[PDB]
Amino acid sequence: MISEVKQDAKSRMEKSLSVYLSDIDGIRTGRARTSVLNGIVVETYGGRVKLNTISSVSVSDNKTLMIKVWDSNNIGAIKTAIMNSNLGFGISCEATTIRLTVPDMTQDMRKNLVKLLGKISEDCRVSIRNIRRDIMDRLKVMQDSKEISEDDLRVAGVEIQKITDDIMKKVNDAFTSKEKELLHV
């Protein structure tokens, strides 16, 4: 069934783009962003919880986040979890608010991240092209196995080459957007 093969393309491609966005989303840029704390796991209330379910995070200025802790008994555990992530924030507190200052990014650190983000952008393109090559290889198998005609191969090839190109534009826009965050002040 070609119908089942055309969905493996979009599924594998979307899943791959989804993996690469999550990977770059955490790359630090100098500017303070609440998502850097997305995935801080705090041990409280008998288990492990995401930081945003027991507090409220906000950007105070370019280099600072505020964390409003609703249960004051969670302040130490949150301070401990943030410190032990080794993200290296400046940590202090007043009453039920934790203040995080974002460490400065040096010039060399910023150039290394520009290069490493380019490499990851190409690792993404490679998986998208490799998915495409593999899907065509599968259709060539079906067409050689006399399961589909040649017309079925060219037609689905055009449709999938169109799906690949649209998915790739998302890849280039996402990695260009992240690069602009690195480059600007």
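Residue numbers here begin at 1 and follow the sequence given.
- Stretch comparison (120 to 128 versus 36 to 44) by mean CA B-factor in the PDB entry places 36 to 44 on top.
- Annotation for 136 to 144 versus 62 to 70: the higher mean temperature factor (C-alpha) is found in 136 to 144.
- In the deposited entry, the Cα temperature factor of residue 181 places it in the middle third of its chain's modelled residues.
- The deposited CA B-factor of residue 51 belongs to the lowest third of values across its chain.
- Per-chain ranking of the deposited C-alpha B factor places residue 57 in the lowest third.
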